[PDB]
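Input: a single structure, listed below in structure tokens.
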Amino acid sequence: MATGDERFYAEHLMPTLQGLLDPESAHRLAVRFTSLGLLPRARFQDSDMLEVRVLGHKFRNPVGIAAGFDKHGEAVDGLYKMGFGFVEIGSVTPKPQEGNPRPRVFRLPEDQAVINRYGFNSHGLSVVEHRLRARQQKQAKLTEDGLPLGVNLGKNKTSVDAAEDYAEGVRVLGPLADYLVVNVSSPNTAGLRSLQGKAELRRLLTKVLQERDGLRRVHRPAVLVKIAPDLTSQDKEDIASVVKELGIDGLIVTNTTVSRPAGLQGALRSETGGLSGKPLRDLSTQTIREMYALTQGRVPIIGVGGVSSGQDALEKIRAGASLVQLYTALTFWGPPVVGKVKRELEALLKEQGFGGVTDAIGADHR
Ligand SMILES: Cc1cc2nc3c(=O)[nH]c(=O)nc-3n(C[C@H](O)[C@H](O)[C@H](O)COP(=O)(O)O)c2cc1C
Ligand SMILES: CC/C(O)=C(\C#N)C(=O)Nc1ccc(-c2ccc(F)cc2)c(C(=O)OC)c1
Ligand SMILES: O=C(O)c1cc(=O)[nH]c(=O)[nH]1
């Protein structure tokens with residue numbers, strides 16, 4: 001049934017697609033195809049067990065699309081139709097930019113992994129602002145029905161003041177976002193990840209929250225920080241402190257890794273960039289675990305990295321995540337992966353004696 005669809009995509013459709021197109025062309029086609037909503041609605045009906053209340057909002061299910069698939073806000077509606085409980089677009093930079101030269105996305109099918117070095121290719125704030133404005137009341141209804149929208153902000157390659165880039169993003173897209181993400185963890189913009197250090201981070205985030213707080217109350221988003229899986233213990237302890245001190249609304253844990261775990265088999269494993277997918281999974285889960293402990297369970301976490309199943313999702317939830325995202329799993333399993341994760345998650349939750357997702361959040365720590 002759903003298993004027959006899963007198998008079709010996994011064994012026939014996706015490998016054929018991966019044979020005809022390069023990874024970037026495939027990405028661009030998927031965004032186009034998804035934006036038209038051509039694929040029929042996902043059959044899976046979200047149970048009440050999957051509902052989460054966090055970040056000032058209701059999420060009808062805890063499975064979202066990670067930043068990077070839809071950088072420019074072109075496919076938001078098509079992604080809700082696929083069954084995602086929330087959609088995050090971006091990263092968006094203030095001014096339009098190309099990103100890095102091609103080729104810049106690489107598949108590692110033997111590892112169920114991707115490496116990318118897009119470098120924040122972005123239509124920029126103005127284009128994305130108008131795109132979101134065109135569908136603003138549709139989104140207001142989606143959100144009220146439990147399907148929120150996040151906006152992930154980046155910075156221009158050549159920008160002098162990182163904090164002003166993020167501030168601009170807060171000003172322009174904050175009023176259109178249920179939550180904002182300060183992406184300080186892209187491996188593909190020089191200097192960016194050092195925004196994660198204590199002094200810079202506190203200065204940056206103070207400016208961001210101050211700009212957010214200046215928005216009219218009805219258009220005031222939660223602000224989250226997205227961190228790398230490659231942080232030192234000092235880094236993490238420092239982020240936890242700053243986040244608690246400033247009252248940051250949550251964390252996204254994690255971005256892609258600049259590491260190359262032992263055992264990667266893919267021919268393209270030494271390409272420069274962020275690695276995503278299955279080899280990232282446990283490194284992300286452990287980072288979630290640590291950040292939840294360091295913040296005493298008081299700071300919501302969206303868990304991301306290598307989620308391709310219900311077990312993967314629950315592991316992150318039990319480690320401390322209130323919500324989860326995926327992207328890379330889609331490039332191997334296609335759209336059916338979304339219903340797969342939700343069905344399996346629900347089964348596992350029953351099986352382990354949780355009334356719903358909310359009861360499982362942080363359970364490993366208790
Ligand atoms: C093609 C590609 C582009 C990405 N671009 C962004 C980005 O613009 N901003 C961001 O915060 N994360 C970006 N990500 C990182 C993902 O949001 C996510 O953190 C990471 O891929 C781990 O999740 P995954 O294993 O499910 O794919 C990108 C990932 C990939 C695969
Ligand atoms: C990492 C860049 C990347 O996106 C890919 C690669 N390589 C890739 O294959 N993407 C990719 C390719 C195909 C799909 C997809 C497959 C069937 C369908 F009806 C709609 C989209 C998706 C998808 O479901 O997006 C929501 C993503
Ligand atoms: O645009 C990119 O290169 C990119 C950004 C990011 O945050 N993460 C990632 O893996 N790639």
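Following the order of the structure tokens, first chain is A, next is B, and so on, with residues numbered from 1 inside each chain and ligands from 1 in the order they appear.
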Checklist line | Neighbour list for residue 36 (chain A) as JSON, numbers by chain, cut-off 12 Å, only C-alpha atoms, skip fewer than 3 positions in-chain | finding: {"A": [29, 30, 31, 32, 33, 39, 40, 74, 75, 76, 77, 78, 79, 81, 82]}
Next item on the list: Return as a ChimeraX atom specification the residues of protein, DNA or RNA that approach ligand 2 to within 8 Å, with only C-alpha atoms and all ligand atoms taken into account.
Entry: /A:9,13-14,17-18,22-31,33-34,38-39,65,69,79,82,105-107,114-116,327-328,330-332,334-335
Counting only C-alpha atoms, which residues of region 229-326 of chain A fall within 10 Å of region 92-104 of chain A, and what is the closest atom pair for each with its distance in Å at one decimal, ordered by chain and rising number, as CSV?
```
residue,atom,partner,partner_atom,distance
A:271,CA,A:104,CA,9.0
A:272,CA,A:104,CA,8.8
A:273,CA,A:104,CA,8.2
```
Mind dumping the selected residues with N, CA and C atoms as a compact mmCIF listing (two decimals), in the first residue's frame?
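Once written, again-v3.txt looks like this:
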```txt
# COMPACT_ATOMS: atom_id res chain seq x y z
N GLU A 271 35.17 15.67 -1.37
CA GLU A 271 34.68 16.99 -1.80
C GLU A 271 34.52 17.91 -0.60
N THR A 272 34.85 19.18 -0.79
CA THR A 272 34.66 20.21 0.22
C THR A 272 33.16 20.46 0.43
N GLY A 273 32.74 20.63 1.69
CA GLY A 273 31.38 21.01 1.98
C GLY A 273 30.81 20.42 3.26
```
Please write out the residues within 7 Å of ligand 3 as a compact mmCIF listing (two decimals) with N, CA, C and O atoms, in the first residue's frame, counting only C-alpha atoms and all ligand atoms.
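And here's result_9.txt as it stands now:
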```txt
# COMPACT_ATOMS: atom_id res chain seq x y z
N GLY A 68 17.25 24.63 3.28
CA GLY A 68 18.12 24.23 2.18
C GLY A 68 17.38 23.66 1.01
O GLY A 68 17.80 23.83 -0.12
N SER A 91 18.51 29.11 3.63
CA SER A 91 18.81 30.42 4.17
C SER A 91 18.62 31.55 3.17
O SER A 91 18.93 31.41 1.98
N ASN A 116 27.32 19.19 0.24
CA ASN A 116 26.98 20.38 -0.50
C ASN A 116 27.85 21.54 -0.11
O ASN A 116 28.25 21.66 1.06
N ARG A 117 28.16 22.39 -1.10
CA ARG A 117 28.83 23.68 -0.84
C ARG A 117 28.16 24.77 -1.69
O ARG A 117 28.80 25.48 -2.47
N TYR A 118 26.86 24.88 -1.53
CA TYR A 118 26.09 25.90 -2.24
C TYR A 118 26.63 27.32 -1.97
O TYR A 118 26.79 28.11 -2.88
N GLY A 119 26.94 27.62 -0.72
CA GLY A 119 27.47 28.95 -0.37
C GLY A 119 26.40 30.03 -0.33
O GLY A 119 26.66 31.17 -0.69
N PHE A 120 25.20 29.67 0.14
CA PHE A 120 24.09 30.61 0.32
C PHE A 120 23.71 31.25 -1.02
O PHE A 120 23.72 32.46 -1.16
N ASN A 121 23.41 30.44 -2.02
CA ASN A 121 22.74 30.96 -3.19
C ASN A 121 21.37 31.43 -2.73
O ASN A 121 20.66 30.69 -2.06
N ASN A 183 21.27 31.44 11.34
CA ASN A 183 22.09 30.37 10.88
C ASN A 183 23.51 30.79 11.06
O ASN A 183 24.03 31.58 10.24
N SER A 185 26.00 28.49 11.34
CA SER A 185 26.62 27.15 11.29
C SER A 185 26.81 26.57 9.89
O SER A 185 27.21 25.40 9.77
N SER A 186 26.55 27.36 8.84
CA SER A 186 26.89 26.91 7.48
C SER A 186 28.40 26.71 7.36
O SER A 186 29.19 27.61 7.66
N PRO A 187 28.81 25.51 6.94
CA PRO A 187 30.24 25.30 6.71
C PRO A 187 30.79 25.99 5.46
O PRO A 187 31.97 25.90 5.25
N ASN A 188 29.95 26.67 4.68
CA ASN A 188 30.28 27.07 3.29
C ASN A 188 30.39 28.57 3.09
O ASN A 188 30.46 29.02 1.94
N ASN A 255 23.20 21.59 11.90
CA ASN A 255 23.57 21.77 10.51
C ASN A 255 24.40 20.59 10.04
O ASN A 255 24.57 19.58 10.78
N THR A 256 24.93 20.69 8.83
CA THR A 256 25.78 19.65 8.24
C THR A 256 27.17 19.65 8.92
O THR A 256 27.52 20.58 9.63
N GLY A 273 32.74 20.63 1.69
CA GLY A 273 31.38 21.01 1.98
C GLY A 273 30.81 20.42 3.26
O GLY A 273 31.52 19.78 4.04
N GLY A 274 29.53 20.65 3.46
CA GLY A 274 28.81 20.08 4.61
C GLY A 274 28.29 18.72 4.23
O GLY A 274 27.66 18.59 3.21
N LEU A 275 28.54 17.72 5.07
CA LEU A 275 28.01 16.38 4.86
C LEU A 275 26.68 16.22 5.63
O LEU A 275 26.57 16.61 6.79
```
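You can rank A:233, A:143, A:194, A:122 by their closest distance to ligand 1 using only C-alpha atoms and all ligand atoms, and at the top of that list sits A:122.
Distances to residue 237 (chain A) were evaluated for A:294, A:222, A:162, A:63 using only C-alpha atoms, and the minimum falls at A:294.
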Note to self: Between A:219, A:57, A:203, A:155, which residue has the minimum interatomic distance to ligand 1, considering only C-alpha atoms and all ligand atoms?
What the structure shows: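 Of all the options, A:155 lies closest to ligand 1.
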Next item on the list: Mind the document's chain letters and residue numbers, and return as a list in words the residues of region 188-258 of chain A that DSSP labels strand (DSSP E).
Entry: residues 222, 223, 224, 225, 226, 227, 250, 251, 252 and 253 of chain A
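For the residues A:215, A:224, A:195, A:204, ranking by smallest atom-to-atom distance to residue 182 (chain A) using only C-alpha atoms places A:224 first.
Among the candidate residues A:310, A:64, A:353, A:83, the one lying nearest to ligand 1 is A:64, with distances computed using only C-alpha atoms and all ligand atoms.
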Checklist line | Spatial neighbours of residue 323 (chain A), max dist 12 Å, only C-alpha atoms, sep filter under 3 positions, as a PyMOL selection string | finding: chain A and resi 50-55+57-66+84-87+148+250-253+288+300-304+307+313-320+326+342+357-358+360-362
Check: Nearest to ligand 1 among A:198, A:12, A:131, A:193, with distances taken over only C-alpha atoms and all ligand atoms: which residue is it?
Finding: A:193
Next item on the list: Compile the contact shell of residue 238 (chain A) as a PyMOL selection string: residues with an atom at most 9 Å away, counting only C-alpha atoms, same-chain residues fewer than 4 positions apart removed.
Entry: chain A and resi 196-198+233-234+242-243
Write out the residues from the selection above, keeping N, CA, C and O atoms, as a compact mmCIF listing (two decimals), in the first residue's frame.
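Result saved to result13.txt:
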```txt
# COMPACT_ATOMS: atom_id res chain seq x y z
N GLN A 196 29.61 31.60 16.20
CA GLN A 196 29.22 30.71 17.30
C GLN A 196 30.01 30.92 18.62
O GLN A 196 29.56 30.49 19.67
N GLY A 197 31.17 31.57 18.57
CA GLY A 197 31.94 31.89 19.78
C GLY A 197 31.20 32.84 20.72
O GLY A 197 30.38 33.63 20.27
N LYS A 198 31.53 32.80 22.02
CA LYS A 198 30.74 33.49 23.07
C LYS A 198 30.52 34.99 22.90
O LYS A 198 29.39 35.47 22.98
N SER A 233 33.31 21.18 23.15
CA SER A 233 32.64 21.27 24.45
C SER A 233 32.57 22.68 24.98
O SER A 233 31.54 23.06 25.50
N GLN A 234 33.66 23.43 24.87
CA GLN A 234 33.66 24.83 25.28
C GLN A 234 32.60 25.62 24.53
O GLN A 234 31.84 26.38 25.13
N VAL A 242 24.74 31.60 26.80
CA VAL A 242 24.26 32.76 26.06
C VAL A 242 22.78 32.63 25.72
O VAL A 242 22.01 33.54 25.91
N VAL A 243 22.39 31.47 25.24
CA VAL A 243 21.01 31.22 24.95
C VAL A 243 20.15 31.40 26.22
O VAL A 243 19.07 32.01 26.16
```
Next item on the list: For region 132-142 of chain A, list every protein, DNA or RNA residue within 8 Å, evaluated using only C-alpha atoms, and leave out those in the same chain fewer than 5 positions away; present the list as a VMD selection string.
Entry: chain A and resid 73 147 to 149 176
Residues just named, written with C-alpha atoms as a CSV table (one decimal), in the first residue's frame:
```
chain,number,residue,atom,x,y,z
A,73,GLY,CA,10.3,30.2,-0.5
A,147,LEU,CA,1.3,24.1,10.1
A,148,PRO,CA,3.9,26.9,11.0
A,149,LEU,CA,6.5,28.5,8.8
A,176,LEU,CA,6.2,36.9,7.8
```
